[PDB]
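Chemist: mmCIF, C-alpha atoms, saved as target.cif, coming up:
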data_query
loop_
_atom_site.label_atom_id
_atom_site.label_comp_id
_atom_site.auth_asym_id
_atom_site.auth_seq_id
_atom_site.Cartn_x
_atom_site.Cartn_y
_atom_site.Cartn_z
CA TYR A 5 -3.22 -17.43 -18.30
CA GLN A 6 -5.84 -15.19 -16.63
CA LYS A 7 -7.43 -12.26 -18.37
CA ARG A 8 -10.48 -10.02 -18.29
CA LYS A 9 -12.95 -8.36 -20.62
CA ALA A 10 -14.23 -4.82 -20.59
CA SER A 11 -17.45 -4.23 -18.62
CA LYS A 12 -20.74 -4.59 -20.48
CA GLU A 13 -21.73 -1.09 -19.41
CA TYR A 14 -18.54 0.57 -20.64
CA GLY A 15 -19.99 1.24 -24.09
CA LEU A 16 -22.97 3.06 -22.62
CA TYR A 17 -20.72 4.88 -20.18
CA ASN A 18 -18.65 6.27 -23.09
CA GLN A 19 -21.83 7.39 -24.83
CA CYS A 20 -22.88 9.31 -21.71
CA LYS A 21 -19.53 11.09 -21.67
CA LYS A 22 -20.42 12.76 -25.00
CA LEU A 23 -23.29 14.57 -23.24
CA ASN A 24 -23.16 18.03 -21.60
CA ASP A 25 -24.02 18.61 -17.91
CA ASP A 26 -27.53 19.79 -18.62
CA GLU A 27 -28.22 16.53 -20.44
CA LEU A 28 -26.61 14.35 -17.80
CA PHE A 29 -28.56 16.10 -15.06
CA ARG A 30 -31.79 15.30 -16.85
CA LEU A 31 -30.74 11.65 -17.27
CA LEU A 32 -30.50 11.38 -13.49
CA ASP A 33 -34.31 11.32 -13.60
CA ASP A 34 -34.57 8.63 -16.25
CA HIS A 35 -36.82 5.63 -15.53
CA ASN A 36 -34.02 3.19 -16.26
CA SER A 37 -31.64 2.49 -13.42
CA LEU A 38 -28.56 1.86 -15.55
CA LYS A 39 -29.18 5.12 -17.36
CA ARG A 40 -29.24 7.02 -14.07
CA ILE A 41 -26.08 5.38 -12.80
CA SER A 42 -24.08 5.78 -16.02
CA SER A 43 -24.92 9.48 -16.15
CA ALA A 44 -23.97 9.87 -12.49
CA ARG A 45 -20.68 8.05 -13.13
CA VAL A 46 -19.79 10.60 -15.81
CA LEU A 47 -20.69 13.29 -13.32
CA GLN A 48 -18.44 11.78 -10.64
CA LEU A 49 -15.60 11.84 -13.21
CA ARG A 50 -15.86 15.37 -14.64
CA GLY A 51 -18.07 16.75 -11.94
CA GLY A 52 -17.79 20.46 -11.29
CA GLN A 53 -19.51 22.90 -8.91
CA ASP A 54 -22.79 22.76 -10.79
CA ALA A 55 -22.80 18.97 -10.42
CA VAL A 56 -21.82 19.12 -6.72
CA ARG A 57 -24.61 21.61 -5.89
CA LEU A 58 -27.25 19.69 -7.76
CA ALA A 59 -26.15 16.49 -5.98
CA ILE A 60 -26.48 18.21 -2.60
CA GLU A 61 -29.94 19.54 -3.46
CA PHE A 62 -30.96 16.06 -4.67
CA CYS A 63 -29.90 14.91 -1.23
CA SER A 64 -32.96 16.75 0.12
CA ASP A 65 -35.42 15.67 -2.51
CA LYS A 66 -38.70 14.02 -1.59
CA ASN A 67 -37.94 11.30 -4.15
CA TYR A 68 -35.62 8.69 -2.62
CA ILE A 69 -34.27 7.86 -6.05
CA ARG A 70 -32.89 11.37 -6.33
CA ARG A 71 -31.50 11.24 -2.81
CA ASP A 72 -29.76 7.96 -3.51
CA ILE A 73 -28.31 9.27 -6.77
CA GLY A 74 -27.15 12.50 -5.11
CA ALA A 75 -25.40 10.68 -2.28
CA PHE A 76 -23.86 8.28 -4.82
CA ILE A 77 -22.44 11.14 -6.88
CA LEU A 78 -21.18 12.82 -3.73
CA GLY A 79 -19.12 9.78 -2.74
CA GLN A 80 -16.58 10.13 -5.55
CA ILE A 81 -16.96 13.56 -7.22
CA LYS A 82 -14.17 16.08 -6.58
CA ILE A 83 -15.10 18.84 -4.11
CA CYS A 84 -13.34 21.95 -2.93
CA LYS A 85 -11.58 21.88 0.40
CA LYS A 86 -14.19 24.26 1.78
CA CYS A 87 -17.16 22.06 1.07
CA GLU A 88 -15.66 18.69 1.91
CA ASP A 89 -16.67 18.69 5.59
CA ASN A 90 -20.21 19.80 4.76
CA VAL A 91 -20.60 17.05 2.16
CA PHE A 92 -19.28 14.46 4.52
CA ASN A 93 -21.72 15.66 7.18
CA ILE A 94 -24.50 15.50 4.68
CA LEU A 95 -23.66 11.85 3.87
CA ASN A 96 -23.07 10.86 7.49
CA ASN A 97 -26.46 12.23 8.41
CA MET A 98 -28.28 10.42 5.59
CA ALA A 99 -26.44 7.21 6.41
CA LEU A 100 -27.95 7.46 9.87
CA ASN A 101 -31.35 9.15 9.37
CA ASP A 102 -32.65 8.67 5.85
CA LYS A 103 -36.02 7.01 5.79
CA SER A 104 -34.96 4.89 2.83
CA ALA A 105 -32.70 1.95 3.58
CA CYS A 106 -31.45 2.20 -0.05
CA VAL A 107 -30.34 5.75 0.58
CA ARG A 108 -28.71 4.83 3.91
CA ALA A 109 -26.69 2.03 2.27
CA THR A 110 -25.43 4.25 -0.60
CA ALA A 111 -24.59 7.09 1.79
CA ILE A 112 -22.52 4.80 4.03
CA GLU A 113 -20.67 3.56 0.90
CA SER A 114 -20.11 7.22 -0.10
CA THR A 115 -18.77 8.20 3.39
CA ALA A 116 -16.32 5.28 2.94
CA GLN A 117 -15.22 6.63 -0.44
CA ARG A 118 -14.65 10.08 1.04
CA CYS A 119 -12.73 8.71 4.03
CA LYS A 120 -10.34 6.78 1.86
CA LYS A 121 -9.51 10.01 0.02
CA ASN A 122 -9.22 11.92 3.31
CA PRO A 123 -8.72 9.86 6.51
CA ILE A 124 -9.56 12.80 8.77
CA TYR A 125 -13.08 11.33 8.68
CA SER A 126 -12.11 7.92 10.13
CA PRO A 127 -13.10 8.61 13.75
CA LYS A 128 -16.56 9.62 12.50
CA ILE A 129 -16.79 6.55 10.25
CA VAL A 130 -16.23 4.42 13.33
CA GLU A 131 -18.94 6.15 15.40
CA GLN A 132 -21.15 5.86 12.36
CA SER A 133 -20.61 2.10 12.06
CA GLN A 134 -21.20 1.70 15.79
CA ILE A 135 -24.83 2.34 15.08
CA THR A 136 -25.24 1.38 11.43
CA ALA A 137 -23.79 -2.08 11.93
CA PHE A 138 -27.06 -2.68 13.85
CA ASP A 139 -29.44 -1.32 11.20
CA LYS A 140 -32.46 -3.46 10.42
CA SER A 141 -31.61 -3.35 6.73
CA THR A 142 -29.18 -5.95 5.39
CA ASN A 143 -28.10 -3.62 2.61
CA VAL A 144 -27.12 -1.13 5.30
CA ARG A 145 -25.31 -3.66 7.44
CA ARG A 146 -23.52 -4.89 4.28
CA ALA A 147 -22.50 -1.35 3.37
CA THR A 148 -21.32 -0.99 6.97
CA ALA A 149 -19.07 -4.00 6.51
CA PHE A 150 -17.47 -2.30 3.50
CA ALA A 151 -17.05 0.91 5.44
CA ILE A 152 -15.28 -0.70 8.37
CA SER A 153 -12.85 -2.47 6.07
CA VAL A 154 -11.80 0.97 4.85
CA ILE A 155 -10.35 1.60 8.31
CA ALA A 159 -11.82 -0.85 17.47
CA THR A 160 -14.41 -2.04 14.99
CA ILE A 161 -13.57 -5.61 16.04
CA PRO A 162 -16.64 -5.93 18.24
CA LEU A 163 -18.80 -4.73 15.32
CA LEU A 164 -17.04 -7.21 13.04
CA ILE A 165 -17.78 -10.00 15.51
CA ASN A 166 -21.47 -9.16 15.59
CA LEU A 167 -21.52 -9.10 11.75
CA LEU A 168 -20.00 -12.56 11.70
CA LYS A 169 -23.25 -13.54 13.42
CA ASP A 170 -25.33 -11.83 10.82
CA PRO A 171 -28.38 -13.58 9.35
CA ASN A 172 -27.16 -12.56 5.94
CA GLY A 173 -24.47 -14.78 4.42
CA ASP A 174 -23.06 -11.94 2.34
CA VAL A 175 -22.62 -9.78 5.48
CA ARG A 176 -20.91 -12.68 7.38
CA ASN A 177 -18.55 -13.27 4.44
CA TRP A 178 -17.53 -9.59 4.33
CA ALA A 179 -16.93 -9.48 8.09
CA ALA A 180 -14.80 -12.62 8.08
CA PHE A 181 -13.18 -11.35 4.94
CA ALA A 182 -12.16 -8.09 6.56
CA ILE A 183 -11.03 -9.90 9.73
CA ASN A 184 -8.74 -12.09 7.71
CA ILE A 185 -7.48 -9.07 5.74
CA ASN A 186 -6.48 -7.28 8.94
CA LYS A 187 -5.29 -10.45 10.69
CA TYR A 188 -7.41 -9.64 13.71
CA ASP A 189 -7.35 -12.43 16.28
CA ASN A 190 -8.83 -13.32 19.65
CA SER A 191 -10.71 -16.14 21.31
CA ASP A 192 -14.04 -14.75 20.11
CA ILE A 193 -13.11 -14.61 16.44
CA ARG A 194 -11.61 -18.06 16.52
CA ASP A 195 -14.71 -19.48 18.14
CA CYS A 196 -16.92 -17.72 15.59
CA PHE A 197 -14.78 -19.15 12.80
CA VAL A 198 -15.02 -22.73 14.23
CA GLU A 199 -18.81 -22.32 14.19
CA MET A 200 -18.66 -21.03 10.65
CA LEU A 201 -17.12 -24.34 9.63
CA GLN A 202 -20.78 -25.41 9.72
CA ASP A 203 -22.14 -22.30 7.87
CA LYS A 204 -24.64 -23.03 5.09
CA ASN A 205 -22.76 -20.61 2.85
CA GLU A 206 -19.79 -22.25 1.06
CA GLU A 207 -18.10 -18.87 0.70
CA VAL A 208 -18.26 -18.31 4.44
CA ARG A 209 -16.90 -21.81 5.24
CA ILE A 210 -13.94 -21.08 3.00
CA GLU A 211 -13.04 -17.84 4.80
CA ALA A 212 -13.41 -19.63 8.19
CA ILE A 213 -11.11 -22.39 6.98
CA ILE A 214 -8.43 -19.99 5.76
CA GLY A 215 -8.91 -17.86 8.85
CA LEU A 216 -8.53 -20.77 11.26
CA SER A 217 -5.59 -22.22 9.37
CA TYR A 218 -3.58 -18.98 9.30
CA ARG A 219 -4.24 -18.85 13.05
CA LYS A 220 -2.86 -22.44 13.40
CA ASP A 221 -6.06 -23.51 15.20
CA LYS A 222 -6.35 -27.29 15.01
CA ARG A 223 -10.09 -27.28 15.36
CA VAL A 224 -10.18 -26.87 11.55
CA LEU A 225 -8.48 -30.25 10.94
CA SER A 226 -11.54 -32.42 10.52
CA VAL A 227 -13.27 -30.22 7.93
CA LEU A 228 -9.98 -29.50 6.24
CA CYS A 229 -9.39 -33.26 5.86
CA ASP A 230 -12.83 -33.68 4.30
CA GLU A 231 -12.30 -30.88 1.79
CA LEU A 232 -8.98 -32.19 0.61
CA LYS A 233 -10.58 -35.55 -0.19
CA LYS A 234 -13.03 -34.19 -2.71
CA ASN A 235 -12.79 -34.92 -6.42
CA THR A 236 -12.83 -31.15 -7.06
CA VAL A 237 -10.78 -29.32 -4.40
CA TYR A 238 -10.50 -25.55 -3.68
CA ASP A 239 -7.07 -24.05 -4.14
CA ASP A 240 -7.51 -22.01 -0.98
CA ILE A 241 -8.13 -25.28 0.96
CA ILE A 242 -4.91 -26.79 -0.26
CA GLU A 243 -3.16 -23.56 0.60
CA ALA A 244 -4.76 -23.42 4.09
CA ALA A 245 -3.56 -26.98 4.59
CA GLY A 246 0.04 -25.73 4.20
CA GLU A 247 -0.57 -22.71 6.40
CA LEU A 248 -2.08 -24.72 9.30
CA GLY A 249 1.34 -26.32 9.94
CA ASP A 250 -0.08 -29.64 11.17
CA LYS A 251 1.73 -32.69 9.73
CA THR A 252 -1.42 -34.74 10.07
CA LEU A 253 -2.18 -33.56 6.55
CA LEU A 254 1.01 -34.78 4.90
CA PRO A 255 -0.31 -38.24 4.00
CA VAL A 256 -3.35 -36.93 2.15
CA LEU A 257 -1.33 -34.19 0.46
CA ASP A 258 1.16 -36.78 -0.72
CA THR A 259 -1.74 -38.82 -2.14
CA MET A 260 -3.09 -35.75 -4.01
CA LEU A 261 0.22 -35.26 -5.78
CA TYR A 262 -0.71 -38.26 -7.96
CA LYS A 263 -4.33 -37.19 -8.20
CA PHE A 264 -4.13 -33.76 -9.86
CA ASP A 265 -2.23 -32.99 -13.08
CA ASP A 266 -0.81 -29.73 -11.73
CA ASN A 267 0.21 -30.54 -8.17
CA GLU A 268 2.60 -27.66 -7.66
CA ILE A 269 0.32 -25.91 -5.12
CA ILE A 270 0.14 -29.24 -3.30
CA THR A 271 3.94 -29.48 -3.23
CA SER A 272 4.06 -25.97 -1.80
CA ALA A 273 1.83 -26.88 1.09
CA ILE A 274 3.93 -30.00 1.64
CA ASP A 275 7.14 -27.94 1.72
CA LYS A 276 5.68 -25.66 4.37
CA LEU A 277 4.64 -28.58 6.57
CA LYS A 278 7.96 -30.36 6.42
CA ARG A 279 9.38 -27.14 7.82
CA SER A 280 9.58 -26.49 11.58
#
The structure in this file should be written as structure tokens.
Modeler:
Amino acid sequence: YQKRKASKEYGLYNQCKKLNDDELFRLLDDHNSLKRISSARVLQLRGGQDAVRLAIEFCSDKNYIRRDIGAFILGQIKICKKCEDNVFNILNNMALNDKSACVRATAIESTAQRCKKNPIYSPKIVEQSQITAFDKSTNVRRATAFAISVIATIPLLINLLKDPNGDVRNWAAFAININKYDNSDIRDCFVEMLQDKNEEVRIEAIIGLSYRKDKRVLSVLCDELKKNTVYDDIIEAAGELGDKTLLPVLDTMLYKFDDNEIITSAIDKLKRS
């Protein structure tokens, strides 16, 4: 049933590919953002020594737009084995010391890219997040959330759950669920998130608490299952929680929704054990 359509930028990206390096390099200084990014994407794809060097130099430019673009390119472009450490160090440093929060955010995302391709950088990514997770910029903290997920960081994760930004909290919780991290602190933060103003965050807290079999989610779970429009994840969490208190309502829902298979699944799980 599900499908997907090609990105709206793809067309423009293919046009950029027809251009030579010299032309792409110039486009990095275009006034349009999308134009700069598209060009850089082509550079990350074909990127050779001339593109790597230029990216590095851009990393030291007075214009933060060039620094951002250089660090972006550097996160995915191929680089010789003898320049890899230096590029990583260049990104790590910007992530921590660039005067532009935009640059810092991009650089952290680029150090993440590089680590995934070569895990030797993990230890450094951790030390890096130990300070960047506390940056004053939300973009930076957000990028830090992404970074951490690429690789304890638990304590950092916990502080991000308490972030003023909803997007940051969602990513933290999201990565905690992904790694199945669990302790009294995370559970308590999830219980509190049941009252988060951000629907997306409440959902991750609900699935997180249910996988953990923590009955403090019961009340909210019950409320969510009684809605006219219900979230599939909620129904699924209901089965994961393993508390038979939810059987009655699940049974009721069977006659409420045309496709109640997912409901039956949750019911099957409950009746077990």
Chemist: Evaluate the PyMOL selection byres ((chain A and resi 249) around 12) here and jot the selected residues down as a ChimeraX atom specification.
Modeler: /A:216-222,224-225,242-248,250-254,273-280
Chemist: Enumerate, as a PDB file with C-alpha atoms, in the coordinates of the input, the protein, DNA and RNA residues whose atoms approach (-16.4, -10.1, 2.7) to within 9 Å, taking into account only C-alpha atoms and the coordinate frame of the file.
Modeler:
ATOM      1  CA  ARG A 146     -23.520  -4.890   4.280  1.00  0.00           C
ATOM      2  CA  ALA A 149     -19.070  -4.000   6.510  1.00  0.00           C
ATOM      3  CA  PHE A 150     -17.470  -2.300   3.500  1.00  0.00           C
ATOM      4  CA  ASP A 174     -23.060 -11.940   2.340  1.00  0.00           C
ATOM      5  CA  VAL A 175     -22.620  -9.780   5.480  1.00  0.00           C
ATOM      6  CA  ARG A 176     -20.910 -12.680   7.380  1.00  0.00           C
ATOM      7  CA  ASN A 177     -18.550 -13.270   4.440  1.00  0.00           C
ATOM      8  CA  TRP A 178     -17.530  -9.590   4.330  1.00  0.00           C
ATOM      9  CA  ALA A 179     -16.930  -9.480   8.090  1.00  0.00           C
ATOM     10  CA  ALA A 180     -14.800 -12.620   8.080  1.00  0.00           C
ATOM     11  CA  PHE A 181     -13.180 -11.350   4.940  1.00  0.00           C
ATOM     12  CA  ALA A 182     -12.160  -8.090   6.560  1.00  0.00           C
ATOM     13  CA  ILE A 183     -11.030  -9.900   9.730  1.00  0.00           C
ATOM     14  CA  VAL A 208     -18.260 -18.310   4.440  1.00  0.00           C
ATOM     15  CA  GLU A 211     -13.040 -17.840   4.800  1.00  0.00           C
TER      16      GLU A 211
END
Chemist: Go through A:84, A:130, A:119, A:165 and flag the residue nearest residue 191 in chain A, using all atoms listed in the file for the distances.
Modeler: A:165
Chemist: Report as number ranges by chain the residues that result from applying the PyMOL selection byres ((chain A and resi 55) around 12) to the structure here.
Modeler: A: 24-30, 32, 43-54, 56-62, 73-75, 77-78, 80-83
Chemist: Return the single residue from A:72, A:113, A:131, A:192 that is closest to residue 154 in chain A, with distances computed using only C-alpha atoms.
Modeler: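 That would be A:113, the residue with the smallest distance to residue 154 in chain A.
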Chemist: What is the CA of residue 108 in chain A-CA of residue 19 in chain A distance in Å, reported with one decimal?
Modeler: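 Straight-line distance from CA of residue 108 in chain A to CA of residue 19 in chain A works out to 29.7 Å.
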Chemist: If you apply the PyMOL selection byres ((chain A and resi 9-15) around 12) to this file, what residues do you get, as a list in words?
Modeler: residues 6, 7, 8, 16, 17, 18, 19, 20, 21, 22, 38, 39, 41, 42, 43, 45 and 46 of chain A
Chemist: Looking at A:205, A:143, A:126, A:132, which one is nearest to residue 95 in chain A, with distances taken over only C-alpha atoms?
Modeler: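 Smallest separation from residue 95 in chain A among the options: A:132.
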Chemist: Rank nothing, just name the residue among A:173, A:268, A:255, A:69 nearest to residue 206 in chain A, using only C-alpha atoms.
Modeler: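 Among A:173, A:268, A:255, A:69, it is A:173 that comes nearest to residue 206 in chain A.
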Chemist: Quick check, in Å to one decimal: how far apart do CA of residue 64 in chain A and CA of residue 155 in chain A lie?
Modeler: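 These two atoms are separated by 28.4 Å.
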Chemist: Select, counting all atoms listed in the file, all protein, DNA and RNA residues no farther than 12 Å from (-32.7, 6.4, 5.2) in file coordinates, and express the selection as a ChimeraX atom specification.
Modeler: /A:63-64,66-69,71-72,75,95-112,136,139-141,143-144
Chemist: Keeping C-alpha atoms for every residue in the selection just given, could you write it to a file as a CSV table (one decimal), in the frame of the given file?
Modeler:
chain,number,residue,atom,x,y,z
A,63,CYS,CA,-29.9,14.9,-1.2
A,64,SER,CA,-33.0,16.8,0.1
A,66,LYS,CA,-38.7,14.0,-1.6
A,67,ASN,CA,-37.9,11.3,-4.2
A,68,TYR,CA,-35.6,8.7,-2.6
A,69,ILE,CA,-34.3,7.9,-6.0
A,71,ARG,CA,-31.5,11.2,-2.8
A,72,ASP,CA,-29.8,8.0,-3.5
A,75,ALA,CA,-25.4,10.7,-2.3
A,95,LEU,CA,-23.7,11.8,3.9
A,96,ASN,CA,-23.1,10.9,7.5
A,97,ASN,CA,-26.5,12.2,8.4
A,98,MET,CA,-28.3,10.4,5.6
A,99,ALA,CA,-26.4,7.2,6.4
A,100,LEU,CA,-28.0,7.5,9.9
A,101,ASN,CA,-31.4,9.2,9.4
A,102,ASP,CA,-32.6,8.7,5.8
A,103,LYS,CA,-36.0,7.0,5.8
A,104,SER,CA,-35.0,4.9,2.8
A,105,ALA,CA,-32.7,2.0,3.6
A,106,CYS,CA,-31.4,2.2,0.0
A,107,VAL,CA,-30.3,5.8,0.6
A,108,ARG,CA,-28.7,4.8,3.9
A,109,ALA,CA,-26.7,2.0,2.3
A,110,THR,CA,-25.4,4.2,-0.6
A,111,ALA,CA,-24.6,7.1,1.8
A,112,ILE,CA,-22.5,4.8,4.0
A,136,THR,CA,-25.2,1.4,11.4
A,139,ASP,CA,-29.4,-1.3,11.2
A,140,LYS,CA,-32.5,-3.5,10.4
A,141,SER,CA,-31.6,-3.4,6.7
A,143,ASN,CA,-28.1,-3.6,2.6
A,144,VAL,CA,-27.1,-1.1,5.3
Chemist: Please, what distance in Å, to one decimal, runs between CA of residue 117 in chain A and CA of residue 161 in chain A?
Modeler: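 So the two atoms, CA of residue 117 in chain A and CA of residue 161 in chain A, lie 20.6 Å apart.
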